[PDB]
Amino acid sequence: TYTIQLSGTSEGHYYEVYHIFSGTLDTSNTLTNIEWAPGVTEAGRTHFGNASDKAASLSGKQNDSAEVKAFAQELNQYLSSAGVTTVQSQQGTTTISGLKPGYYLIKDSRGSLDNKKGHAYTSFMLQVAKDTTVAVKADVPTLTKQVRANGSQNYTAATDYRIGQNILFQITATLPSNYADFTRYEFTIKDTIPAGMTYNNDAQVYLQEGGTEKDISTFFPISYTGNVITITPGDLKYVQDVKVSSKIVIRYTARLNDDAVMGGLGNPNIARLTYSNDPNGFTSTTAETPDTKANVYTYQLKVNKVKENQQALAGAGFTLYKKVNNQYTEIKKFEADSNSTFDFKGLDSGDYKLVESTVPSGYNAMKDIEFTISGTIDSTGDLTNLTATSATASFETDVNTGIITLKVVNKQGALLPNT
C-alpha cells in the first residue's frame, strides 16, 4: 500500500480519494493488469469502456495534458462511495495512507466548504498511488483593506484623523493561482462604512500588474446603499487583461462626520470578497474571504473653565489651533456666554495651541497652551494609548472615551488698595 502527501493544504477540508483503476505496480513503475476499481459506477465503466484500454490512451501523456483533465472532469459524474477514502486536511501537508495500488481521483467532498470562509475546492486530481508528494490544485483569492496614514503616504491597518478631513482607503484583491482554470469568475467586494464616516462616492478600480496600474473602473458599476459599497463586474473574466499575478485595487475617499466615535473601538470599515470557489466545470458556488478591516480614530478635547473654588466660570471663549506644516491654523472657535465646558470633537495626533480668545471680566487671561496629542495605534489597529502633554499645563485622558480633559483655573484680577 502507498501514501500520497497532499501539500499546500489548510485545515477545514474533507478530501475524498476515489479508486478509479486497480492494478499491479511493477519493478518498472508502469501500472499493469488494469481494471475499474470500486470508486467508479457500472454506468461509468459502461460509458468509458475497457479500463486497460483507457489507461493505454493516457500512457505517457503530460501531467497537465488535456486528456488527463477531461478524464478527471468526466469521471466526477460516475463516482461511487463503494471505493471512497475520506481524509481530514492538516495545515501544510495532508497524508493519505493505506492506498492499494492503482489510479485515484482526489477532490474536496461536495458541499463540504459551503458557508465556510476563505476556502476553495481543488481541481479534480488524478494521481497514481506511489509514496509521492503532490501540491493540491486549490487556491483562494485574498482581500486586504488599508487606510492611508496621517501625512505618511503609507497604508496601515489604522490611523487618526480630524472630522471633515478626506481620508484615502485602498482595498487590494489577489487572484488564486488557478484563476485560469475557471471559465467564469464571480467577484464581489462589499465594503461597510461605519455611521461615523461619509463616503465621497468616488471609488475607482485599478488593475495592478508588477508595478503599473490601469483604470478598469468602467467594468465595475459601484453602488452605495445602507452604508455598503458593492463593487462587482459580474464576471471578472470580462476583464481580459487580468493575469493570475494581477492585483485588483479599489481606491476611494471617506471623511469622519459629527457622528464619529471618539477613541475606543474607533470608526471601522469592514470589507469582504465573494469569489467563485470551484474550478471544476460549469459551476457557480461562491465563498467569502474572511473580513478585512481598516480603522480611523479621533479624539475630543474637553476644556472646563472654572475659578479657584472649582465652580464653573461663564464668559470665557477659546480658540484651538493645530500645527499644519509649522503654521498654527485655527480649527475651532467658541464665542463667549454661560457655557463653561468647551468640547473640541474630532482631533487627531498632532501639535495644538489653545488660546483663551475671550477673558471673563474680572479675571486674568490664561497663557496660551501649546500641547501635543499622541494616539498609540499598534499594527493590529488597536488604539492602545492616548496622551496629551504640555510644558505649561496638565490633561486627563481616557483612551476608551477618546476624551482629553483640561481644567482651566481662572485667577481674579487685583482690587488694589489706594493710600
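Quick note: we count residues from 1 along the sequence shown, nothing fancier.
- As listed in the deposited structure, the average C-alpha B-factor of 329-337 and of 314-322 is greater for 329-337.
- Stretches compared: 96-104, 115-123. Higher mean C-alpha B-factor in the entry: 96-104.
- Each of 280, 225, 232, 89 has a CA temperature factor in the record; the biggest one is found at 89.
- Highest CA B-factor among 52, 27, 358, 361, as stated in the entry: 27.
- For residue 130, the recorded CA temperature factor ranks within the highest third of the chain's modelled residues.
- In this PDB entry, residue 209 carries a Cα temperature factor that places it within the highest third of its chain's modelled residues.
- Residue 149: CA B factor in the highest third of modelled residues in this chain (values from the PDB entry).
- Per the PDB record, residue ranking by Cα B-factor puts residue 84 in the highest third of the chain.
- Remark: residue 137 belongs to the middle third of its chain, ranked by C-alpha B-factor as recorded.
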